[PDB]
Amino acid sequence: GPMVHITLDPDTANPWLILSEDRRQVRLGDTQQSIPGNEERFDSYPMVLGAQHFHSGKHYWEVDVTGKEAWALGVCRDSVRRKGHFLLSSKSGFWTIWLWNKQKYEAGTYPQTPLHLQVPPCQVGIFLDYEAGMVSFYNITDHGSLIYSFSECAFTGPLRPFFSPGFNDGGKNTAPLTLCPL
């Protein structure tokens, strides 16, 4: 079935992130870690990928976001640029939604799409359908209602799970993103 056990890829993790020993959780740090400047590491935002690669098929996983004032989740091409600033956009190889400022939910279309959520999600489900060209986001707290779906994605190559526990703000928002047991 589509449920997949995601683990986080340490080689991609921005130095402002702290990964748990089992690589199932990630949070913002108060200072940057001193770690290699390898080509796969996001250097400008607190972002990290899952280790898993998807070339085809249906895949599903869930993330706990309880109480966080900001986070971003989704899928991206493995080929996305890792160094420098960029637009989180489905024109740039990312299919993502996010929260910031405690109550501003947006989908990473270009331009961005505001999302009106009646129930703030505590857990989010991410469903990837490679052949259908779809990435769908579900509000587990609201009985699995649809938050947003990207369609007509027309994927090539491997895709990766994408995560951010927030941006750097002054040590705020330090609770982790946690991959839920499935």
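Sequential numbering from 1, following the sequence displayed.
Higher mean CA temperature factor between 29-37 and 51-59: 29-37, per the PDB entry. Among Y45, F150, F155, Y138, the highest C-alpha B-factor recorded in the PDB entry belongs to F155. Comparing C-alpha B-factors across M134, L146, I126, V119 in the deposited entry, the largest value falls on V119. Per the PDB record, residue ranking by Cα B-factor puts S79 in the middle third of the chain. The PDB entry assigns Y110 a C-alpha temperature factor belonging to the highest third of its chain's modelled residues. When the modelled residues of the chain are ordered by their C-alpha B factor, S20 lands in the highest third. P165: CA B factor lies in the lowest third for its chain, per the PDB record.
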